[PDB]
Ligand SMILES: Nc1ccc(F)cn1
């Protein structure tokens, strides 16, 4: 079997991507944030605190003839940005563009933090990292990918995020028309539960490539590219007027600048992120100071190849016996 769904940026800056997911019987379509950095499938629901719901579409388990309460199961999750959610668990039918999973754990939110409330376009998340990070207690649950894997034509899923454009999440196959050249595969460590790999280096604009090992995770759930301080300092040094701002919370640059590109290594292969992908618009409405898309990972504890980097490439999350990552230019 295979699945294919269109993923769409939530706004003009590509702050996040939403993909419609069908839940329950009859189908309840919720727009979820597919996150290769987490492992909980959670949704806004009929159980979410009224004041915490502001425009999102909710899942009503009582109206699904296939929804079953998972006795005594609860979940609670905290994310890198300080956001969080928690609640109870149902098992229900979940389909992503023609690919169906019966008995998939759907975590119904009883509480969501202010950032989820404020984001009316995101109805919940669909975790695509390794099931070892799933928060369901006392019995840990599996991800949508983990449950569908045995059935897929190939044990893979692909991310093809667009820059100010629609894109695709494919399950079970590799669309050879969606990329140029070849897919270069690289080793994955699942010890932290993430799609963790090692980049062979970087280049800033037309500058010389620095061969250096950068350990990080392929994370579609993180908007920006988070790299070591030395690397990020080398990038922003090429932009006139760029500076690290403690009040804003990162590197800022004059909105009138034309940003240099950023290249990262995948083995001998190179993925080029055009400069425009690194522009995250005014720091505050009407300001001429803009927020950078490449930020330091010094406060995080891990380098993050988020949407900024991934949207420059066709990405294969290969769930074979020994999992690996594939990257191609497109
Ligand atoms: N890095 C993040 C932050 C929030 C979220 F829901 C997922 N990933």
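Residue numbers (mature numbering (1 follows the signal peptide of the UniProt record, and there is no 0)): 70 to 399.
Where a beta carbon is used, it is the ideal one built from N, C-alpha and C, also for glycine.
Can you name, in chain order, every residue of its own chain whose Cβ lies under 7 Å from the Cβ of residue 392, other than the five neighbours on each side?
257, 259
Give me the Cα-Cα distance between residue 330 and residue 387, rounded to the nearest whole angstrom.
28 Å
With ligand 1 as the reference, list in chain order each residue whose Cβ lies under 7 Å from any of its heavy atoms.
102, 104, 106, 107, 148, 149, 150, 152, 194, 288, 290, 291
Is it a yes or a no for the segment 284-299 touching the segment 353-366, going by three-plus beta-carbon pairs under 8 Å?
yes
Alpha-carbon to alpha-carbon, residue 180 and residue 123:
13 Å
Where residue 187 falls, given that 16 or more other Cβ within 10 Å makes a residue buried:
exposed
Own chain partners of residue 164 with C-beta closer than 6 Å, once the 5 adjacent residues on each side are dropped:
91
Could I get the ranges of all uninterrupted beta strand (DSSP E) runs contained in the segment 117-155, with 3 residues as the minimum, in chain order?
137-147
Could you give the first and the last residue of the continuous beta strand (DSSP E) run that contains residue 312?
312-314
Are the Cβ atoms of residue 324 and residue 358 separated by less than 9 Å?
yes
Near residue 374, what residues of its chain come up, given a Cβ to Cβ distance below 6 Å and the 5 sequence neighbours on each side ignored?
285, 287
Residues near residue 215 in its chain [Cβ-Cβ closer than 6 Å; skip 5 each side]
200
Give a yes or no on contact between the segment 116-132 and the segment 145-153, applying the rule of three or more CB pairs nearer than 8 Å.
no
Residue nearest to residue 266 in terms of C-alpha spacing, selected from 396, 341, 183
396
Select from 74, 299, 115, 171 the residue whose C-alpha is nearest the C-alpha of residue 93.
171
Note down the Cα distance separating residue 111 from residue 239, rounded to an integer number of angstroms.
20 Å
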